[PDB]
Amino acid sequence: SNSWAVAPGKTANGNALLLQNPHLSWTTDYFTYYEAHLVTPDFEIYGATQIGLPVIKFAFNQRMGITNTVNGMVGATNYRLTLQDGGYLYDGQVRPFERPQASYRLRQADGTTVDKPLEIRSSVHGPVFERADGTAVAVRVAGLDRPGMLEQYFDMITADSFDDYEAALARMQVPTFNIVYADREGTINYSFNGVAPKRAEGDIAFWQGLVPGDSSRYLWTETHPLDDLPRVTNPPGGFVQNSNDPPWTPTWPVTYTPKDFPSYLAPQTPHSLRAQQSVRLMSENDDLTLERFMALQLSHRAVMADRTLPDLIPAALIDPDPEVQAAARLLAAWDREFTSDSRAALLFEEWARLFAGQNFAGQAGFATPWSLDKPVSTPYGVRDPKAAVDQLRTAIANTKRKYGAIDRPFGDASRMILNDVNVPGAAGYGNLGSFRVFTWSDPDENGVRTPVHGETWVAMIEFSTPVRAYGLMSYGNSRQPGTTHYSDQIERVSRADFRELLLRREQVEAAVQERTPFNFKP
């Protein structure tokens, strides 16, 4: 997921800009986004949310809007228990388990149900599970005593002012997420939000792993308030961003460092190339219009090619294999963009799979490692050019096997297909540097692949008066069998042809195709 917010001083017209840009599965039901607009005499909200939620996660209106990305807030601890004598060892004593015999019903092949026993065991930590390997693990989840999640989120997106928004946020009822904000008064904010236990010791990696479950030393009981957590408001750089990176370059210049926060809140790992691009695209551009903001969102640079090809091409042209040399020249002639017409991109992906692992996150192949001192220009170079060329020899084979040739057009193999609409793809893997993301599937038997994950709801908003906003939803607004509103937007996505989002009554009245009158009596 990506999120940008831009202060008035950084724009042509003097109104803040906001980007909503969740990246999630195109199939997983609970991750499905739905667009809607609610209006009463006392509030207005427009935006997208995950189905079954009664509040809009990605909301905006005439005054404000917000967006989210995943921060991995470590809100839970898995403790490894030490089993002894039917209890568990804890502070040097055998402590017995709390246990109830619960039960549930299971539907059988023939339509009936049988009752199945379910023992629920609990330690002081929380409920207990047995892993397949026989390890006893207790899960302790924070903020189980926070019933107000939905109301907080509702009060956030209907806030009459930034202060009202901060007060709502401060209730600590939303247990995770980075949250970016902007409004027509000109305020922008980034918050690394969630419910984080107060711990006396240990770094994030320690608290992500199995914590020893034999001691009260590791049993936390309190959580951090908002003002302990990384936040940025109206920074000098005039913008904020998050692309799932650690919260250490949320703007440029930064306003804090990792040492200002307990080490368990957030990792200090290399920032992905997509995140490096997020920072560059905002920091390097000034006097932004909504239109140029939208154009920047479409960025699809193979940043990894920029970091590796300077070293890889020469080393590869040395090799005796004429197939290796030809692959090196095809790659050298490429503009390093993930366009539909690219004959080199697929081959590049295949090389990068081996040079950086299947996730494209591996750092070991680089000459110069990542550095927070040069956070958008590292890591860089090829450490072992000879090995990287052997990796290229393999990638040549893999690319021919997968796609039929080393020079198949990117958008001929990469398609977006819903129902009977079939359109050429562009952009791709975030970890290769593409800001706009389509996480292409493995290819089928004919070398055709489609998105499993990426752009879904995309909206960009200027807090002018009235506001101006544009959006698209990759998989349409409905998934009910037979609907016309599943595949009816993906063509527009392939051309980046964004819909104008209609907030004002008169616009809605001009666009209306169906009236459902209802009435509610409780």
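In this text, residue numbers run from 1 along the sequence as written.
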Higher avg CA temperature factor (75 to 83 vs 109 to 117, as deposited) belongs to 109 to 117
425 to 433 or 356 to 364, whichever carries the higher mean Cα B-factor: 356 to 364
Whose C-alpha has the highest temperature factor in the PDB entry: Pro451, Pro147, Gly194, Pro385? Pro385
By the CA temperature factor listed in this entry, which of these ranks top: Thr135, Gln276, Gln173, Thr158? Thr135
Going by the CA temperature factor in the PDB record, which third of the chain does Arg217 belong to: lowest, middle or highest? highest
So where's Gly238 on the chain's Cα temperature factor ranking, which third? lowest
Of the three thirds of its chain by CA temperature factor, lowest, middle or highest, which one includes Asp203? highest
Of the three thirds of its chain by CA temperature factor, lowest, middle or highest, which one includes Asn21? lowest
Could you say whether, by C-alpha temperature factor, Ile188 belongs to the lowest, middle or highest third of its chain? lowest
